[PDB]
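Coordinates as given in my_file_39.txt (compact mmCIF, C-alpha atoms and all ligand atoms):
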```txt
# COMPACT_ATOMS: atom_id res chain seq x y z
CA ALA A 1 0.00 0.00 0.00
CA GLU A 2 3.14 2.08 0.44
CA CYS A 3 4.50 2.36 -3.10
CA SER A 4 7.70 4.27 -2.27
CA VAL A 5 10.80 4.37 -0.08
CA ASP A 6 13.08 7.20 1.03
CA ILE A 7 16.80 6.43 0.72
CA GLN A 8 19.76 8.59 1.73
CA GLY A 9 23.39 8.61 0.61
CA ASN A 10 25.68 10.66 2.87
CA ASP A 11 29.25 11.91 3.17
CA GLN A 12 30.38 8.48 4.48
CA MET A 13 29.70 6.79 1.15
CA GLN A 14 26.78 4.79 2.59
CA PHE A 15 23.12 4.35 1.74
CA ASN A 16 20.89 4.17 4.81
CA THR A 17 19.44 0.86 3.71
CA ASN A 18 20.78 -2.27 2.00
CA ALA A 19 17.45 -3.98 1.31
CA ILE A 20 14.23 -2.78 -0.25
CA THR A 21 11.14 -4.90 -0.74
CA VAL A 22 8.28 -3.92 -3.03
CA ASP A 23 4.63 -4.76 -2.39
CA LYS A 24 3.42 -6.89 -5.29
CA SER A 25 0.08 -4.97 -5.17
CA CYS A 26 1.92 -1.80 -6.31
CA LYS A 27 1.63 -0.83 -9.99
CA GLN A 28 4.52 1.58 -9.72
CA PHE A 29 7.22 2.07 -7.16
CA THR A 30 9.02 5.29 -6.35
CA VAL A 31 12.52 5.74 -4.95
CA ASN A 32 13.26 9.18 -3.44
CA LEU A 33 16.95 9.80 -3.03
CA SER A 34 18.50 12.57 -0.93
CA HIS A 35 22.03 13.56 0.14
CA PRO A 36 22.40 14.99 3.60
CA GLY A 37 25.96 16.02 4.38
CA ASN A 38 28.12 18.73 2.94
CA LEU A 39 30.22 17.48 0.02
CA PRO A 40 29.47 18.54 -3.58
CA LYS A 41 28.59 16.06 -6.28
CA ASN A 42 31.97 16.19 -8.08
CA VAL A 43 33.67 14.49 -5.13
CA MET A 44 30.88 12.67 -3.29
CA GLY A 45 27.89 12.50 -5.61
CA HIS A 46 25.49 9.57 -5.41
CA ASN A 47 22.92 8.10 -7.67
CA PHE A 48 20.54 5.14 -7.31
CA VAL A 49 20.68 2.62 -10.11
CA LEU A 50 18.69 -0.62 -10.32
CA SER A 51 19.67 -3.68 -12.40
CA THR A 52 19.79 -7.48 -12.42
CA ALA A 53 22.62 -9.01 -10.33
CA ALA A 54 24.12 -10.17 -13.61
CA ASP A 55 24.38 -6.63 -15.04
CA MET A 56 25.46 -4.62 -11.97
CA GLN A 57 29.21 -4.86 -12.39
CA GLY A 58 29.08 -4.01 -16.12
CA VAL A 59 26.87 -0.99 -15.51
CA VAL A 60 29.24 0.18 -12.81
CA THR A 61 32.29 -0.25 -15.07
CA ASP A 62 30.81 1.45 -18.16
CA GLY A 63 29.49 4.19 -15.84
CA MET A 64 32.97 5.00 -14.56
CA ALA A 65 34.15 5.19 -18.16
CA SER A 66 31.30 7.60 -19.01
CA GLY A 67 32.54 10.25 -16.58
CA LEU A 68 31.03 12.90 -14.32
CA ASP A 69 29.34 14.74 -17.19
CA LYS A 70 27.07 11.78 -17.89
CA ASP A 71 26.41 11.19 -14.22
CA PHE A 72 28.71 8.13 -14.36
CA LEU A 73 26.15 6.16 -16.35
CA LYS A 74 26.39 4.94 -19.94
CA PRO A 75 23.66 6.64 -21.98
CA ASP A 76 20.81 4.41 -23.20
CA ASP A 77 21.91 1.45 -21.09
CA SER A 78 19.33 -1.30 -21.67
CA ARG A 79 20.62 -2.97 -18.45
CA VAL A 80 19.32 -0.20 -16.23
CA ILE A 81 15.81 -0.86 -15.00
CA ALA A 82 15.67 2.46 -13.23
CA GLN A 83 18.02 5.34 -12.36
CA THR A 84 18.11 8.70 -10.62
CA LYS A 85 20.41 11.52 -11.52
CA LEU A 86 23.65 12.01 -9.70
CA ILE A 87 23.16 14.36 -6.74
CA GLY A 88 25.36 16.18 -4.27
CA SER A 89 24.95 17.71 -0.81
CA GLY A 90 21.44 19.07 -0.14
CA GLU A 91 19.90 17.79 -3.37
CA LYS A 92 17.23 15.20 -4.08
CA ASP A 93 15.97 13.25 -7.06
CA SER A 94 13.40 10.53 -7.56
CA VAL A 95 12.58 7.79 -9.98
CA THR A 96 9.37 5.86 -10.55
CA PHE A 97 9.28 2.54 -12.35
CA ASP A 98 6.69 -0.07 -13.25
CA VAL A 99 6.62 -2.95 -10.79
CA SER A 100 5.73 -5.26 -13.66
CA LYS A 101 9.38 -4.78 -14.56
CA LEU A 102 10.40 -6.97 -11.59
CA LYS A 103 10.10 -10.76 -11.82
CA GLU A 104 8.78 -12.84 -8.96
CA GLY A 105 11.46 -14.93 -7.25
CA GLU A 106 14.27 -12.80 -8.68
CA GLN A 107 16.42 -10.48 -6.54
CA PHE A 108 17.65 -7.23 -8.12
CA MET A 109 20.62 -5.07 -7.12
CA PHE A 110 20.67 -1.35 -6.47
CA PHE A 111 23.92 0.61 -6.29
CA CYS A 112 25.65 3.88 -6.80
CA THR A 113 27.94 4.23 -9.89
CA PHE A 114 30.15 7.07 -8.63
CA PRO A 115 33.69 5.60 -8.86
CA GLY A 116 34.43 3.24 -6.01
CA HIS A 117 31.12 3.84 -4.21
CA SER A 118 29.65 0.40 -4.98
CA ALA A 119 32.16 -0.94 -2.45
CA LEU A 120 29.56 -0.04 0.22
CA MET A 121 26.68 1.47 -1.72
CA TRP A 122 24.89 -1.65 -2.88
CA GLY A 123 21.70 -3.39 -1.82
CA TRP A 124 19.02 -5.88 -2.73
CA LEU A 125 15.58 -5.18 -4.04
CA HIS A 126 12.86 -7.74 -4.66
CA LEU A 127 9.13 -8.24 -4.46
CA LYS A 128 7.38 -9.27 -1.22
CU CU A 201 27.76 7.34 -4.41
```

Please render this file's structure as C-alpha cells.
Ligand SMILES: [Cu+2]
Amino acid sequence: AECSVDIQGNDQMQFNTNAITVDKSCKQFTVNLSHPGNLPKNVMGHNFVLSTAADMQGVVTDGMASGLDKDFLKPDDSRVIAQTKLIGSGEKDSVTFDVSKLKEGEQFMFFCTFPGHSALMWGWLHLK
C-alpha cells in the first residue's frame, strides 16, 4: 500500500538501507533519493541505479568510463531498469518505475555508480 521508499546517501559513502522490498500490489514504485551532508557532487555524488545481479558490475564499469558529465552512467543502457540523476549535498531526485518490470522470485541489485562507491553502496531489491 506504500509504493515508495526514502533512501539517503551521505558523506560516508553509505546508503541508509541495504534492502528494499516492493509490495506486489503496487503498480509503480518510487525511490526518493537525498544527500544529507556537505560534500558537492563532483567528489561525493550519489545516484541510485537498479539492475539485475548479472548486469550490476558491467553498468558500474561502463558508468565509470562515461565520466562525471554523464552522471557516471552509460547513456541508453538497456541494463538499467531504473536510475536517478547524480546528486550532491542538499539535493534530491526521484525515480518511478513499473513494478511489472520486476520478476517474482528474482532479486535485483541497487547501487551507486560514482567511482568506487559500490564498495559499500549496494543493496538488494525484490518483491514481497
Ligand atoms: Cu555514491

Quiz prompt | Nearby residues (all atoms listed in the file) at most 10 Å from residue 17 in chain A, same-chain spacing under 5 positions excluded, as a VMD selection string | solution = chain A and resid 6 to 9 121 to 124

Self-check item: ligand CU 201 (chain A) neighbours within 10 Å using all atoms listed in the file, as number ranges by chain
Solution: A: 9-15, 35, 41, 43-48, 86-88, 111-122

Self-check item: Who sits within 9 Å of residue 22 in chain A, only C-alpha atoms, same chain under 2 positions skipped, as a PyMOL selection string
Solution: chain A and resi 2-4+20+24-26+29+99+125-128

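Between CA of residue 39 in chain A and CA of residue 89 in chain A the interatomic distance comes to 5.3 Å.
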
Exercise. Excluding residue 93 in chain A and residues on its chain fewer than 2 positions from it, collect all residues at most 9 Å away from it, counting all atoms listed in the file, and give them as a PyMOL selection string.
Key: chain A and resi 31-34+47+84-87+91+95

Quiz prompt | Å distance separating CA of residue 55 in chain A from CA of residue 96 in chain A, one decimal place | solution =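 Spanning CA of residue 55 in chain A to CA of residue 96 in chain A is a straight-line distance of 20.0 Å.
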
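CA of residue 59 in chain A sits 7.2 Å away from CA of residue 73 in chain A.
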
Name the residues in contact with residue 80 in chain A at a cut-off of 10 Å, using all atoms listed in the file, excluding same-chain residues fewer than 4 positions from it; report them as a PDB file with C-alpha atoms, keeping the file's coordinate frame.
```
ATOM      1  CA  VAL A  49      20.680   2.620 -10.110  1.00  0.00           C
ATOM      2  CA  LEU A  50      18.690  -0.620 -10.320  1.00  0.00           C
ATOM      3  CA  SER A  51      19.670  -3.680 -12.400  1.00  0.00           C
ATOM      4  CA  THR A  52      19.790  -7.480 -12.420  1.00  0.00           C
ATOM      5  CA  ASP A  55      24.380  -6.630 -15.040  1.00  0.00           C
ATOM      6  CA  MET A  56      25.460  -4.620 -11.970  1.00  0.00           C
ATOM      7  CA  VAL A  59      26.870  -0.990 -15.510  1.00  0.00           C
ATOM      8  CA  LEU A  73      26.150   6.160 -16.350  1.00  0.00           C
ATOM      9  CA  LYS A  74      26.390   4.940 -19.940  1.00  0.00           C
ATOM     10  CA  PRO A  75      23.660   6.640 -21.980  1.00  0.00           C
ATOM     11  CA  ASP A  76      20.810   4.410 -23.200  1.00  0.00           C
ATOM     12  CA  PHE A 110      20.670  -1.350  -6.470  1.00  0.00           C
TER      13      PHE A 110
END
```

Practice problem: Name the closest residue to residue 70 in chain A among the candidates A:107, A:42, A:18, A:28; distances are taken between atoms, counting all atoms listed in the file. | Solution: A:42

Quiz prompt | Pick from A:62, A:72, A:16, A:53, whichever lies nearest to residue 108 in chain A using all atoms listed in the file | solution =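 Among the listed residues, the smallest separation from residue 108 in chain A belongs to A:53.
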